[PDB]
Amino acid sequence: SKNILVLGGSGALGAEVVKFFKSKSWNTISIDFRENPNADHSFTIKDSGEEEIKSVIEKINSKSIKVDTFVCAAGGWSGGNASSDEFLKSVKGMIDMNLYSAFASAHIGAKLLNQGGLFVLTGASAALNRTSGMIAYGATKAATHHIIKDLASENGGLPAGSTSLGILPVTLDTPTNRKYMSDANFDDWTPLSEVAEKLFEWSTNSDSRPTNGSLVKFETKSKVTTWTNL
């Protein structure tokens, strides 16, 4: 009876990953700033700080469960180049939403994940190139990609045989995106269930995994999604 943990499990991608692993009879666990009442186990943190992270790790070590797959689907987006009015505020918000969660993920993986397990961070494809219109987002995502790679090392702190991977979306199909970019071709965005699907593939079948430390970019074009190992 296999266990998955999802940091950001109340977000759009987060809850899809939960709905999906639950239909497939895995035990689902969720960590977020708000409850997700559709998970089998569901926790609230106040922030991504040391105190709150330790205190959530201890609550799961009390239920005596260890996870086979951990996905961080936590994050957020804000815009702005260095001279924009919103720049300084986008700094705090991207560090809190993207970086602290990525780092929290590492610790959580190091304490809760079983040998052989899957450890997945959500990066951003955009951050593989220049992000001069969204500096804080690009840089905090670039740090995400760096941590994913560090954790693929023997001595990185995850248990033996575990695979550390990055998933890197171009664009996701969320009600949010559909609201704030209503012009767009929705057929060029990734259904969330597709992401959950690939995540199940990797989680049930170890042979399907890409090499440890792979950043994996996915882009949807006319409803067809292509996954590329980078």
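The numbering used is simple: start at 1 and walk along the sequence shown.
Taking the mean C-alpha B-factor of each stretch as recorded, 78-86 and 136-144 are not equal, and the higher mean is that of 78-86. Of the two segments examined, 114-122 and 89-97, it is 114-122 that shows the higher average Cα temperature factor in the deposited entry. The PDB entry assigns the greatest CA B-factor among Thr28, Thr174, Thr171, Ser164 to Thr28. Split the chain's modelled residues into thirds by C-alpha temperature factor. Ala12 is in the middle one.
For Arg209, the recorded CA B-factor ranks within the middle third of the chain. Only modelled residues enter the ranking. Per the deposited record, the Cα B-factor of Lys221 falls in the middle third when ranked against the other modelled residues of its chain. The entry lists a Cα temperature factor for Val71 that places it in the middle third of the chain's modelled residues. When the modelled residues of the chain are ordered by C-alpha B-factor, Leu158 sits in the middle third.
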